[PDB]
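Quick look at coords37.txt (compact mmCIF, C-alpha atoms and all ligand atoms):
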# COMPACT_ATOMS: atom_id res chain seq x y z
CA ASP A 2 0.81 29.05 2.65
CA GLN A 3 2.04 26.34 0.30
CA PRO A 4 3.05 27.42 -3.22
CA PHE A 5 0.76 26.86 -6.17
CA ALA A 6 1.23 23.85 -8.42
CA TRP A 7 2.52 26.02 -11.26
CA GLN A 8 5.30 27.34 -8.97
CA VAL A 9 7.03 24.00 -8.17
CA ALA A 10 9.15 21.41 -10.00
CA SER A 11 7.49 19.12 -12.56
CA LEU A 12 6.23 15.69 -11.43
CA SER A 13 6.67 14.17 -14.89
CA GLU A 14 10.29 15.33 -15.03
CA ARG A 15 10.97 13.75 -11.64
CA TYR A 16 9.88 10.35 -13.02
CA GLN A 17 11.69 10.49 -16.37
CA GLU A 18 13.16 7.09 -17.28
CA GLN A 19 10.78 5.55 -14.73
CA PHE A 20 7.15 6.07 -15.84
CA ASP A 21 4.92 8.72 -17.37
CA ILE A 22 2.75 10.79 -15.01
CA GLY A 23 -0.84 11.18 -16.16
CA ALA A 24 -4.13 12.86 -15.28
CA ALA A 25 -7.78 12.22 -16.09
CA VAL A 26 -9.41 15.29 -17.62
CA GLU A 27 -12.67 16.80 -18.86
CA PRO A 28 -12.57 19.00 -21.98
CA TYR A 29 -13.63 22.07 -19.97
CA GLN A 30 -10.49 21.74 -17.83
CA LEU A 31 -8.19 22.29 -20.83
CA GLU A 32 -7.90 26.02 -20.17
CA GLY A 33 -6.75 28.37 -17.44
CA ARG A 34 -4.99 27.09 -14.33
CA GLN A 35 -5.89 23.43 -14.82
CA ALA A 36 -4.37 23.44 -18.32
CA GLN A 37 -1.31 25.26 -16.96
CA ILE A 38 -0.90 22.53 -14.31
CA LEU A 39 -1.33 19.75 -16.90
CA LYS A 40 1.41 21.19 -19.12
CA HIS A 41 3.72 21.78 -16.15
CA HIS A 42 3.37 18.42 -14.39
CA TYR A 43 1.93 15.70 -16.63
CA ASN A 44 3.06 13.95 -19.79
CA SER A 45 0.10 11.63 -20.28
CA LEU A 46 -3.68 12.11 -20.36
CA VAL A 47 -6.88 10.09 -20.19
CA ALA A 48 -10.48 11.22 -20.74
CA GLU A 49 -12.38 10.99 -17.46
CA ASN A 50 -15.68 10.60 -19.32
CA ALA A 51 -15.63 11.86 -22.92
CA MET A 52 -14.48 8.54 -24.44
CA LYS A 53 -16.78 6.13 -22.55
CA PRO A 54 -19.20 4.11 -24.73
CA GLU A 55 -22.26 6.17 -23.69
CA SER A 56 -20.40 9.40 -24.43
CA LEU A 57 -19.25 8.40 -27.92
CA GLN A 58 -22.24 6.40 -29.26
CA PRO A 59 -25.28 7.16 -27.07
CA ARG A 60 -27.61 5.99 -29.85
CA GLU A 61 -26.68 3.56 -32.59
CA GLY A 62 -24.96 5.58 -35.29
CA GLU A 63 -25.08 8.83 -33.29
CA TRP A 64 -21.43 9.69 -32.73
CA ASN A 65 -20.43 12.44 -30.29
CA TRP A 66 -16.75 13.14 -31.02
CA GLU A 67 -16.33 16.79 -30.01
CA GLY A 68 -15.23 16.45 -26.38
CA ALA A 69 -12.98 13.48 -27.09
CA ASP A 70 -11.42 15.29 -30.05
CA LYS A 71 -10.57 18.30 -27.85
CA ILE A 72 -8.64 16.02 -25.50
CA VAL A 73 -6.79 14.46 -28.46
CA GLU A 74 -5.95 17.92 -29.80
CA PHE A 75 -4.54 18.95 -26.39
CA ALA A 76 -2.43 15.77 -26.14
CA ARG A 77 -1.05 16.44 -29.65
CA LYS A 78 -0.20 20.07 -29.00
CA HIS A 79 1.57 19.44 -25.68
CA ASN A 80 3.32 16.10 -26.44
CA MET A 81 1.31 13.99 -24.00
CA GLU A 82 0.69 10.29 -24.40
CA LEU A 83 -3.01 9.40 -24.37
CA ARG A 84 -4.78 6.42 -22.79
CA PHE A 85 -8.26 5.43 -23.99
CA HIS A 86 -10.99 4.93 -21.34
CA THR A 87 -12.72 2.70 -22.41
CA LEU A 88 -13.95 0.49 -25.28
CA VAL A 89 -16.18 -2.00 -23.40
CA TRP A 90 -17.68 -1.60 -19.91
CA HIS A 91 -20.83 -2.65 -18.02
CA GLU A 92 -21.28 0.87 -16.65
CA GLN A 93 -21.92 3.95 -18.77
CA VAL A 94 -23.06 1.82 -21.72
CA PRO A 95 -26.11 2.76 -23.81
CA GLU A 96 -29.09 0.45 -23.47
CA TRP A 97 -29.53 0.11 -27.25
CA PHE A 98 -26.62 -2.39 -27.43
CA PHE A 99 -28.71 -5.04 -25.64
CA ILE A 100 -32.04 -4.60 -27.47
CA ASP A 101 -32.82 -6.90 -30.38
CA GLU A 102 -34.26 -5.77 -33.73
CA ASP A 103 -37.82 -6.28 -32.41
CA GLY A 104 -37.30 -4.00 -29.39
CA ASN A 105 -36.96 -6.86 -26.89
CA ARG A 106 -34.35 -7.11 -24.14
CA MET A 107 -31.70 -9.69 -25.06
CA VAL A 108 -31.02 -10.52 -21.41
CA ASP A 109 -34.63 -11.71 -21.00
CA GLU A 110 -34.69 -13.93 -24.10
CA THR A 111 -35.45 -17.60 -23.42
CA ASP A 112 -35.43 -19.19 -26.89
CA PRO A 113 -31.99 -20.81 -27.43
CA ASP A 114 -31.93 -19.94 -31.13
CA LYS A 115 -32.80 -16.28 -30.56
CA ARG A 116 -30.13 -16.17 -27.84
CA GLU A 117 -27.50 -17.20 -30.39
CA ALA A 118 -28.78 -14.58 -32.83
CA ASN A 119 -28.60 -11.97 -30.06
CA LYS A 120 -25.03 -12.99 -29.27
CA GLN A 121 -23.93 -12.52 -32.87
CA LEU A 122 -25.81 -9.20 -33.19
CA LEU A 123 -24.36 -7.84 -29.95
CA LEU A 124 -20.85 -8.88 -30.95
CA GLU A 125 -21.26 -7.19 -34.34
CA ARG A 126 -22.38 -4.00 -32.59
CA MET A 127 -19.43 -4.18 -30.21
CA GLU A 128 -17.06 -4.82 -33.13
CA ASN A 129 -18.41 -1.81 -35.02
CA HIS A 130 -18.06 0.41 -31.96
CA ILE A 131 -14.43 -0.66 -31.51
CA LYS A 132 -13.66 -0.40 -35.24
CA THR A 133 -15.03 3.13 -35.55
CA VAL A 134 -13.29 4.46 -32.42
CA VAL A 135 -9.96 2.75 -33.08
CA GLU A 136 -9.89 3.82 -36.73
CA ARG A 137 -10.47 7.43 -35.64
CA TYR A 138 -7.91 7.53 -32.80
CA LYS A 139 -5.36 4.78 -33.67
CA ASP A 140 -2.40 7.13 -34.10
CA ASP A 141 -3.27 9.23 -31.03
CA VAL A 142 -3.76 6.47 -28.43
CA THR A 143 -0.84 4.52 -26.98
CA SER A 144 -2.77 2.50 -24.36
CA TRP A 145 -6.29 1.11 -24.92
CA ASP A 146 -8.50 0.01 -22.04
CA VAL A 147 -10.18 -2.55 -24.26
CA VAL A 148 -12.33 -4.06 -21.50
CA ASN A 149 -13.00 -2.56 -18.07
CA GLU A 150 -14.03 -4.23 -14.80
CA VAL A 151 -14.86 -7.68 -16.19
CA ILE A 152 -13.93 -9.56 -12.96
CA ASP A 153 -16.48 -9.89 -10.16
CA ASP A 154 -15.53 -8.78 -6.66
CA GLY A 155 -17.12 -11.98 -5.34
CA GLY A 156 -15.13 -14.32 -7.60
CA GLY A 157 -15.30 -15.24 -11.25
CA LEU A 158 -16.46 -13.09 -14.14
CA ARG A 159 -18.83 -10.17 -13.63
CA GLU A 160 -22.29 -11.23 -14.81
CA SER A 161 -22.99 -8.04 -16.72
CA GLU A 162 -25.23 -7.94 -19.78
CA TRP A 163 -22.08 -8.49 -21.87
CA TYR A 164 -21.37 -11.78 -20.07
CA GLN A 165 -25.02 -12.86 -19.87
CA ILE A 166 -25.45 -12.54 -23.63
CA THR A 167 -22.00 -13.54 -24.96
CA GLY A 168 -20.16 -15.37 -22.17
CA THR A 169 -16.45 -14.60 -22.27
CA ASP A 170 -16.57 -14.12 -26.05
CA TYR A 171 -17.10 -10.36 -25.75
CA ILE A 172 -13.67 -10.12 -24.09
CA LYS A 173 -11.94 -12.28 -26.70
CA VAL A 174 -13.60 -10.47 -29.62
CA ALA A 175 -12.94 -7.01 -28.13
CA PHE A 176 -9.18 -7.62 -27.96
CA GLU A 177 -9.05 -9.28 -31.38
CA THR A 178 -11.00 -6.39 -32.90
CA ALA A 179 -8.83 -3.73 -31.23
CA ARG A 180 -5.72 -5.50 -32.55
CA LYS A 181 -7.19 -5.81 -36.05
CA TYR A 182 -7.87 -2.08 -36.44
CA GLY A 183 -5.14 -0.73 -34.16
CA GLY A 184 -2.42 -2.84 -35.77
CA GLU A 185 0.33 -4.78 -34.04
CA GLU A 186 1.67 -1.50 -32.63
CA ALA A 187 -1.46 -0.85 -30.54
CA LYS A 188 -1.04 -1.55 -26.82
CA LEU A 189 -4.10 -3.32 -25.42
CA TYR A 190 -5.00 -3.33 -21.71
CA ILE A 191 -7.51 -4.98 -19.41
CA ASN A 192 -8.38 -2.50 -16.65
CA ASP A 193 -9.85 -3.18 -13.21
CA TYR A 194 -10.01 -1.99 -9.61
CA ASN A 195 -9.00 -3.88 -6.45
CA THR A 196 -6.36 -5.69 -8.51
CA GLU A 197 -4.34 -5.81 -5.27
CA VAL A 198 -6.92 -8.03 -3.53
CA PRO A 199 -5.33 -11.51 -3.84
CA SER A 200 -8.54 -13.34 -4.80
CA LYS A 201 -9.41 -10.79 -7.51
CA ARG A 202 -5.79 -10.53 -8.66
CA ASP A 203 -5.83 -14.31 -9.12
CA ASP A 204 -9.12 -14.34 -11.06
CA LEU A 205 -7.80 -11.63 -13.37
CA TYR A 206 -4.50 -13.51 -13.80
CA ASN A 207 -6.30 -16.76 -14.62
CA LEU A 208 -8.54 -15.03 -17.18
CA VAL A 209 -5.67 -13.25 -18.92
CA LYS A 210 -3.44 -16.35 -18.87
CA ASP A 211 -6.18 -18.47 -20.43
CA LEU A 212 -6.80 -15.80 -23.09
CA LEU A 213 -3.10 -15.45 -23.90
CA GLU A 214 -2.92 -19.23 -24.30
CA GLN A 215 -5.69 -18.96 -26.92
CA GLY A 216 -3.75 -16.27 -28.78
CA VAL A 217 -5.89 -13.34 -27.65
CA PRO A 218 -3.74 -10.19 -27.96
CA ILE A 219 -3.40 -8.64 -24.49
CA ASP A 220 -0.40 -6.42 -23.75
CA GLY A 221 -0.94 -5.22 -20.20
CA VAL A 222 -3.04 -4.77 -17.10
CA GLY A 223 -4.48 -1.51 -15.82
CA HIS A 224 -4.60 -1.15 -12.03
CA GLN A 225 -7.17 1.54 -11.24
CA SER A 226 -5.66 1.95 -7.75
CA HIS A 227 -8.63 3.59 -6.03
CA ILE A 228 -6.88 3.31 -2.68
CA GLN A 229 -6.95 4.62 0.90
CA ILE A 230 -4.38 5.82 3.41
CA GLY A 231 -4.23 2.41 5.10
CA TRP A 232 -5.27 -0.02 2.36
CA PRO A 233 -4.31 -1.96 0.28
CA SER A 234 -0.89 -3.03 1.55
CA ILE A 235 2.32 -2.28 -0.32
CA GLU A 236 3.05 -6.01 -0.18
CA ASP A 237 -0.20 -6.91 -1.95
CA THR A 238 0.33 -4.14 -4.52
CA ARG A 239 3.85 -5.45 -5.22
CA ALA A 240 2.60 -9.03 -5.59
CA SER A 241 -0.11 -7.99 -8.06
CA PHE A 242 2.26 -6.06 -10.35
CA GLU A 243 4.72 -8.95 -10.32
CA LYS A 244 2.07 -11.57 -11.07
CA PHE A 245 1.14 -9.85 -14.32
CA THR A 246 4.77 -9.13 -15.19
CA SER A 247 5.23 -12.91 -14.97
CA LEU A 248 2.90 -13.28 -17.98
CA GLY A 249 4.95 -10.82 -20.05
CA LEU A 250 2.42 -8.03 -19.46
CA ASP A 251 2.99 -4.32 -18.89
CA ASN A 252 1.42 -2.73 -15.81
CA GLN A 253 -0.11 0.73 -15.66
CA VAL A 254 -1.59 2.55 -12.70
CA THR A 255 -4.64 4.02 -14.37
CA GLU A 256 -6.99 5.85 -11.94
CA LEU A 257 -4.91 6.62 -8.86
CA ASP A 258 -6.55 8.51 -6.02
CA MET A 259 -6.04 8.24 -2.26
CA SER A 260 -9.22 8.88 -0.31
CA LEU A 261 -9.11 10.45 3.15
CA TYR A 262 -11.58 7.80 4.31
CA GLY A 263 -12.19 4.09 4.60
CA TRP A 264 -15.00 2.20 2.92
CA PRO A 265 -17.72 3.26 3.01
CA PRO A 266 -16.54 6.90 3.25
CA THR A 267 -18.79 7.50 6.24
CA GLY A 268 -18.18 10.56 8.39
CA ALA A 269 -16.69 12.66 5.60
CA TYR A 270 -15.58 16.23 6.17
CA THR A 271 -17.95 18.79 4.68
CA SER A 272 -15.32 21.50 4.13
CA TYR A 273 -11.65 21.35 3.23
CA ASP A 274 -10.84 23.60 6.20
CA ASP A 275 -12.00 20.83 8.56
CA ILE A 276 -9.45 18.27 7.28
CA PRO A 277 -6.86 17.82 10.07
CA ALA A 278 -3.23 18.45 9.18
CA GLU A 279 -2.26 15.06 10.64
CA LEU A 280 -4.50 13.34 8.08
CA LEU A 281 -2.81 15.11 5.17
CA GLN A 282 0.50 14.09 6.73
CA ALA A 283 -0.64 10.45 6.84
CA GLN A 284 -1.63 10.75 3.17
CA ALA A 285 1.84 12.15 2.41
CA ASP A 286 3.56 9.28 4.24
CA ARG A 287 1.48 6.77 2.27
CA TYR A 288 2.08 8.44 -1.08
CA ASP A 289 5.81 8.42 -0.28
CA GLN A 290 5.79 4.64 0.26
CA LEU A 291 3.59 4.07 -2.78
CA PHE A 292 5.87 5.94 -5.18
CA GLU A 293 8.93 4.29 -3.61
CA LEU A 294 7.28 0.98 -4.59
CA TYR A 295 6.57 2.27 -8.09
CA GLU A 296 10.24 3.23 -8.39
CA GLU A 297 11.30 -0.27 -7.24
CA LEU A 298 9.07 -1.77 -9.96
CA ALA A 299 9.68 0.92 -12.60
CA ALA A 300 10.73 -1.70 -15.16
CA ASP A 301 7.24 -3.21 -14.72
CA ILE A 302 5.23 0.04 -14.90
CA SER A 303 5.00 2.27 -17.96
CA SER A 304 2.75 5.00 -16.58
CA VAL A 305 1.05 6.19 -13.39
CA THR A 306 -2.15 8.18 -13.98
CA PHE A 307 -4.12 10.06 -11.31
CA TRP A 308 -7.91 10.13 -11.70
CA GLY A 309 -7.89 13.92 -11.66
CA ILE A 310 -5.63 16.95 -11.27
CA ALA A 311 -6.39 18.78 -8.02
CA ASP A 312 -8.79 18.15 -5.15
CA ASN A 313 -11.42 20.56 -6.51
CA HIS A 314 -12.50 17.93 -9.09
CA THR A 315 -12.73 14.26 -8.14
CA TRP A 316 -15.42 11.59 -8.37
CA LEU A 317 -14.63 10.91 -4.70
CA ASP A 318 -16.58 14.07 -3.83
CA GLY A 319 -19.71 12.49 -5.28
CA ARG A 320 -18.92 9.24 -3.49
CA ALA A 321 -18.62 11.09 -0.18
CA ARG A 322 -22.01 12.74 -0.76
CA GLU A 323 -23.57 9.36 -1.60
CA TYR A 324 -22.76 7.98 1.85
CA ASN A 325 -23.21 11.18 3.87
CA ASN A 326 -26.74 12.33 2.91
CA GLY A 327 -25.59 14.65 0.14
CA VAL A 328 -22.72 16.56 1.80
CA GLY A 329 -19.01 15.87 2.04
CA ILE A 330 -15.74 16.32 0.16
CA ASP A 331 -12.58 14.28 -0.41
CA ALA A 332 -8.99 15.35 -1.04
CA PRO A 333 -7.13 12.55 -2.84
CA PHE A 334 -4.37 14.29 -4.84
CA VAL A 335 -1.04 16.02 -4.25
CA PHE A 336 -2.59 19.38 -5.27
CA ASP A 337 -5.31 20.80 -3.05
CA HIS A 338 -8.65 22.41 -3.93
CA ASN A 339 -6.98 25.83 -4.42
CA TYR A 340 -4.19 24.26 -6.59
CA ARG A 341 -1.70 24.65 -3.72
CA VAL A 342 0.76 21.83 -3.19
CA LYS A 343 0.03 19.42 -0.33
CA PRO A 344 2.49 17.55 1.91
CA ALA A 345 2.10 14.60 -0.48
CA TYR A 346 3.54 16.65 -3.35
CA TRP A 347 6.80 17.25 -1.50
CA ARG A 348 7.00 13.58 -0.55
CA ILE A 349 6.72 12.28 -4.14
CA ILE A 350 8.81 15.00 -5.78
CA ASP A 351 11.74 14.51 -3.41
CA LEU A 352 14.82 12.30 -3.80
CA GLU A 353 14.63 10.81 -0.31
CA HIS A 354 16.23 7.36 -0.24
CA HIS A 355 16.86 6.44 3.40
CA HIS A 356 14.14 3.72 3.64
CA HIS A 357 11.65 3.25 6.47
CA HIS A 358 12.83 0.22 8.42
CA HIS A 359 11.28 -0.86 11.70
CA CA A 401 -16.51 23.08 10.07
CA CA A 402 8.79 2.09 -16.53
CA CA A 403 -12.67 17.31 -3.49
CA CA A 404 9.59 10.32 -1.56
NI NI A 405 5.48 8.42 -22.50
NI NI A 406 10.38 7.54 1.94

Could you quickly redo this structure as structure tokens?
Ligand SMILES: [Ca+2]
Ligand SMILES: [Ca+2]
Ligand SMILES: [Ca+2]
Ligand SMILES: [Ca+2]
Ligand code: NI
Ligand code: NI
Amino acid sequence: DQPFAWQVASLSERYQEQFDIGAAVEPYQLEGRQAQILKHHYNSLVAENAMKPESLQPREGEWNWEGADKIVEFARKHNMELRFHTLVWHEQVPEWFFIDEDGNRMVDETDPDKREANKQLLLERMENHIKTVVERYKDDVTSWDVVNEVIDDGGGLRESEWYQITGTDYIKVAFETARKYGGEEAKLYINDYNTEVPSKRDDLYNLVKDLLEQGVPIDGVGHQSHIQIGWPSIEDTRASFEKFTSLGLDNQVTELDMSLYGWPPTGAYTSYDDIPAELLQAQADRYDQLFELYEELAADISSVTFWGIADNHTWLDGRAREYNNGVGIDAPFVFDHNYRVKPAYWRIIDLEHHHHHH
């Protein structure tokens, strides 16, 4: 049987002078074996859920800091950089933001003058959310996901409530507000998934380039990297990183996981013991090529964060159940559900450098 994660060489050490290695965490994972693995292998953290808008301010003026603070305290004690997920997002956002002072839904307003009043009220609420969070955590966060998933998969901007009420101004104001209270030293990111898809990559590039030309402070791009064993291509990943580097932007890989399945994750395995060894080998081959690319582009990438620690906790389990009538698991990491190393661990810890020509 493979050794446990706490018995093998550190991932973060292996990528010194290349990029930090991070994990998404819940506060209840900051003890026992999961905390031991974090300290041994990772030098950067992000809150999986405790810092989302609905977690921090579920009602106006009701602040829920405890879980977020525990993650900050862990990052302080163990010398881990900390990313912030996330200041502004169309998911996991409390409904009160988009309700006017009469209890009406701003998105349904038809009077042009009340629409403008709603836009200013919503922006003030967004500004106050950002101000309060950034003032609390400024000296503990080194990468802010200021806005998340603002590009539509079908082209153009996502027509969320934020966009419906404020246009693109919520994006401009969010970055300006984060800069104002974070100071010039704060590093401000726009985060998204499928950034490797050329059409979406290009929409994100055009948005950021236009905003930079207006003086909006944007320092980098977060690539969620919710990927598969056979998709997206290394070539498309490379092109995406380089396109944002061409604007003077940092790149971070922010939510890396490699599903066993395609999309949708139909036909998922219902137990880890049913996963064929050849599939874990294919995952290992792909992770090898992926981290070889990251090494190639290490000047362009400051950190690579996995959206979890080991296979026993991943949002991909819930996704598998969604498309398989409530049953199914996924195994996206280099540490398996019992914290034992997987073939992918060996393939991204090693110093292999013989290339894979065909
Ligand atoms: Ca079975
Ligand atoms: Ca780097
Ligand atoms: Ca799992
Ligand atoms: Ca390797
Ligand atoms: Ni670092
Ligand atoms: Ni290789």

Item to check | Distance query segment 165-180 of chain A at most 8 Å, all atoms listed in the file, self and fewer than 4 positions along chain excluded, as number ranges by chain | outcome: A: 89, 107-108, 116, 119-120, 123-124, 127-128, 131-132, 135, 147-148, 160-161, 184-185, 187, 189, 212, 217-219

Next on the checklist: Report, in Å to a single decimal, how far apart atom CA of residue 254 of chain A and atom CA of residue 225 of chain A are.
Outcome noted: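 Atom-to-atom, atom CA of residue 225 of chain A to atom CA of residue 254 of chain A, that is 5.9 Å.
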
Item to check | Contact residues around residue 58 of chain A with only C-alpha atoms at 9 Å, ignoring same-chain residues under 5 positions, as an MDAnalysis selection string | outcome: chainID A and resid 53 63:66 94:95 130

Checklist entry - Residues within 7 Å of ligand CA 404 (chain A) (only C-alpha atoms and all ligand atoms), as a PyMOL selection string? => result chain A and resi 289+292-293+348-353

Checklist entry - atom CA of residue 79 of chain A and atom CA of ligand CA 403 (chain A) are how many Å apart? => result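 So the answer is 26.5 Å.
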
Next on the checklist: as a PyMOL selection string, please: the residues near residue 25 of chain A (cut-off 10 Å, all atoms listed in the file, same-chain neighbours under 4 positions excluded).
Outcome noted: chain A and resi 39+45-50+83-84+86+255-257+306-310+315

Would you save the residues of that selection, restricted to C-alpha atoms, as a JSON list (two decimals), in the frame of the given file?
[["chain", "number", "residue", "atom", "x", "y", "z"],
["A", 39, "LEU", "CA", -1.33, 19.75, -16.90],
["A", 45, "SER", "CA", 0.10, 11.63, -20.28],
["A", 46, "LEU", "CA", -3.68, 12.11, -20.36],
["A", 47, "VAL", "CA", -6.88, 10.09, -20.19],
["A", 48, "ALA", "CA", -10.48, 11.22, -20.74],
["A", 49, "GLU", "CA", -12.38, 10.99, -17.46],
["A", 50, "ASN", "CA", -15.68, 10.60, -19.32],
["A", 83, "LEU", "CA", -3.01, 9.40, -24.37],
["A", 84, "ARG", "CA", -4.78, 6.42, -22.79],
["A", 86, "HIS", "CA", -10.99, 4.93, -21.34],
["A", 255, "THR", "CA", -4.64, 4.02, -14.37],
["A", 256, "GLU", "CA", -6.99, 5.85, -11.94],
["A", 257, "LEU", "CA", -4.91, 6.62, -8.86],
["A", 306, "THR", "CA", -2.15, 8.18, -13.98],
["A", 307, "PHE", "CA", -4.12, 10.06, -11.31],
["A", 308, "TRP", "CA", -7.91, 10.13, -11.70],
["A", 309, "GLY", "CA", -7.89, 13.92, -11.66],
["A", 310, "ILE", "CA", -5.63, 16.95, -11.27],
["A", 315, "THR", "CA", -12.73, 14.26, -8.14]]

Item to check | Atom-to-atom span, atom CA of residue 67 of chain A and atom CA of residue 133 of chain A, Å | outcome: 14.8 Å

Checklist entry - From the set A:294, A:269, A:122, A:283, which residue has the shortest atom-to-atom contact distance to ligand CA 401 (chain A), counting all atoms listed in the file? => result A:269

Checklist entry - Hey, what's within 9 Å of segment 285-287 of chain A if we count all atoms listed in the file and toss same-chain stuff fewer than 5 positions away? As number ranges by chain, please? => result A: 229-231, 259, 280, 292, 335, 343-349

Next on the checklist: Using all atoms listed in the file, which protein or nucleic acid residues come within 9 Å of residue 61 of chain A? Drop anything in the same chain fewer than 5 positions from it, and give the result as a PyMOL selection string.
Outcome noted: chain A and resi 95+97-98+126

Residues as selected, C-alpha atoms, written as an mmCIF file, keeping the file's coordinate frame, can you do that?
data_model
loop_
_atom_site.group_PDB
_atom_site.id
_atom_site.type_symbol
_atom_site.label_atom_id
_atom_site.label_comp_id
_atom_site.auth_asym_id
_atom_site.auth_seq_id
_atom_site.Cartn_x
_atom_site.Cartn_y
_atom_site.Cartn_z
ATOM 1 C CA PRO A 95 -26.110 2.760 -23.810
ATOM 2 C CA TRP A 97 -29.530 0.110 -27.250
ATOM 3 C CA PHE A 98 -26.620 -2.390 -27.430
ATOM 4 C CA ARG A 126 -22.380 -4.000 -32.590
#

Item to check | Residue among A:295, A:232, A:245, A:273 lying closest to ligand CA 402 (chain A), counting all atoms listed in the file | outcome: A:295

Using all atoms listed in the file, find each protein or nucleic acid residue lying at most 12 Å from ligand CA 401 (chain A); present the set as a PDB file with C-alpha atoms, keeping the file's coordinate frame.
ATOM      1  CA  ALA A 269     -16.690  12.660   5.600  1.00  0.00           C
ATOM      2  CA  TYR A 270     -15.580  16.230   6.170  1.00  0.00           C
ATOM      3  CA  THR A 271     -17.950  18.790   4.680  1.00  0.00           C
ATOM      4  CA  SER A 272     -15.320  21.500   4.130  1.00  0.00           C
ATOM      5  CA  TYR A 273     -11.650  21.350   3.230  1.00  0.00           C
ATOM      6  CA  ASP A 274     -10.840  23.600   6.200  1.00  0.00           C
ATOM      7  CA  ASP A 275     -12.000  20.830   8.560  1.00  0.00           C
ATOM      8  CA  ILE A 276      -9.450  18.270   7.280  1.00  0.00           C
ATOM      9  CA  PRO A 277      -6.860  17.820  10.070  1.00  0.00           C
ATOM     10  CA  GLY A 329     -19.010  15.870   2.040  1.00  0.00           C
TER      11      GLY A 329
END

Next on the checklist: Residues contacting ligand NI 405 (chain A) - anything with an atom at most 12 Å away, using all atoms listed in the file - can you give me those as a ChimeraX atom specification?
Outcome noted: /A:13-14,16-23,43-46,76,80-84,142-144,253,302-306

Checklist entry - Neighbours of ligand CA 403 (chain A) within 9 Å, counting all atoms listed in the file, as a ChimeraX atom specification? => result /A:273,311-319,329-334,337-338

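The residue that comes closest to ligand CA 402 (chain A), out of A:299, A:151, A:158, A:52 and on the basis of only C-alpha atoms and all ligand atoms, is A:299.
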
Item to check | Nearest residue to ligand NI 406 (chain A) from the set A:202, A:356, A:235, A:250 (distances using all atoms listed in the file) | outcome: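 Counting all atoms listed in the file, the residue closest to ligand NI 406 (chain A) is A:356.
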
Item to check | Shortest interatomic distance to ligand NI 406 (chain A) - which of A:328, A:291, A:208, A:300, counting all atoms listed in the file | outcome: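 Looking at the shortest contact to ligand NI 406 (chain A), the residue is A:291.
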
Item to check | Which of A:213, A:88, A:191, A:342 sits closest to residue 281 of chain A [using all atoms listed in the file] | outcome: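 Answer, going by the shortest atom-to-atom distance: A:342.
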
When you get a chance, write out N, CA and C atoms for segment 136-148 of chain A, as a PDB file, in the frame of the given file.
ATOM      1  N   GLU A 136     -10.294   3.215 -35.465  1.00  0.00           N
ATOM      2  CA  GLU A 136      -9.890   3.820 -36.730  1.00  0.00           C
ATOM      3  C   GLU A 136      -9.744   5.330 -36.611  1.00  0.00           C
ATOM      4  N   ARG A 137     -10.589   5.978 -35.799  1.00  0.00           N
ATOM      5  CA  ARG A 137     -10.470   7.430 -35.640  1.00  0.00           C
ATOM      6  C   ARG A 137      -9.232   7.815 -34.834  1.00  0.00           C
ATOM      7  N   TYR A 138      -8.912   7.073 -33.768  1.00  0.00           N
ATOM      8  CA  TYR A 138      -7.910   7.530 -32.800  1.00  0.00           C
ATOM      9  C   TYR A 138      -6.640   6.680 -32.771  1.00  0.00           C
ATOM     10  N   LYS A 139      -6.483   5.728 -33.697  1.00  0.00           N
ATOM     11  CA  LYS A 139      -5.360   4.780 -33.670  1.00  0.00           C
ATOM     12  C   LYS A 139      -4.018   5.464 -33.419  1.00  0.00           C
ATOM     13  N   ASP A 140      -3.722   6.522 -34.169  1.00  0.00           N
ATOM     14  CA  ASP A 140      -2.400   7.130 -34.100  1.00  0.00           C
ATOM     15  C   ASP A 140      -2.263   8.118 -32.951  1.00  0.00           C
ATOM     16  N   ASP A 141      -3.326   8.340 -32.183  1.00  0.00           N
ATOM     17  CA  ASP A 141      -3.270   9.230 -31.030  1.00  0.00           C
ATOM     18  C   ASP A 141      -3.287   8.510 -29.696  1.00  0.00           C
ATOM     19  N   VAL A 142      -3.665   7.240 -29.664  1.00  0.00           N
ATOM     20  CA  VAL A 142      -3.760   6.470 -28.430  1.00  0.00           C
ATOM     21  C   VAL A 142      -2.570   5.521 -28.346  1.00  0.00           C
ATOM     22  N   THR A 143      -1.919   5.473 -27.186  1.00  0.00           N
ATOM     23  CA  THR A 143      -0.840   4.520 -26.980  1.00  0.00           C
ATOM     24  C   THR A 143      -1.164   3.459 -25.935  1.00  0.00           C
ATOM     25  N   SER A 144      -2.312   3.554 -25.256  1.00  0.00           N
ATOM     26  CA  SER A 144      -2.770   2.500 -24.360  1.00  0.00           C
ATOM     27  C   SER A 144      -4.284   2.448 -24.426  1.00  0.00           C
ATOM     28  N   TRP A 145      -4.849   1.303 -24.824  1.00  0.00           N
ATOM     29  CA  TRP A 145      -6.290   1.110 -24.920  1.00  0.00           C
ATOM     30  C   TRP A 145      -6.790   0.308 -23.732  1.00  0.00           C
ATOM     31  N   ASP A 146      -7.751   0.854 -22.970  1.00  0.00           N
ATOM     32  CA  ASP A 146      -8.500   0.010 -22.040  1.00  0.00           C
ATOM     33  C   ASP A 146      -9.581  -0.663 -22.862  1.00  0.00           C
ATOM     34  N   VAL A 147      -9.279  -1.870 -23.337  1.00  0.00           N
ATOM     35  CA  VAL A 147     -10.180  -2.550 -24.260  1.00  0.00           C
ATOM     36  C   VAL A 147     -11.420  -3.044 -23.525  1.00  0.00           C
ATOM     37  N   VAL A 148     -11.228  -3.706 -22.384  1.00  0.00           N
ATOM     38  CA  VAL A 148     -12.330  -4.060 -21.500  1.00  0.00           C
ATOM     39  C   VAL A 148     -12.010  -3.528 -20.105  1.00  0.00           C
TER      40      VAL A 148
END
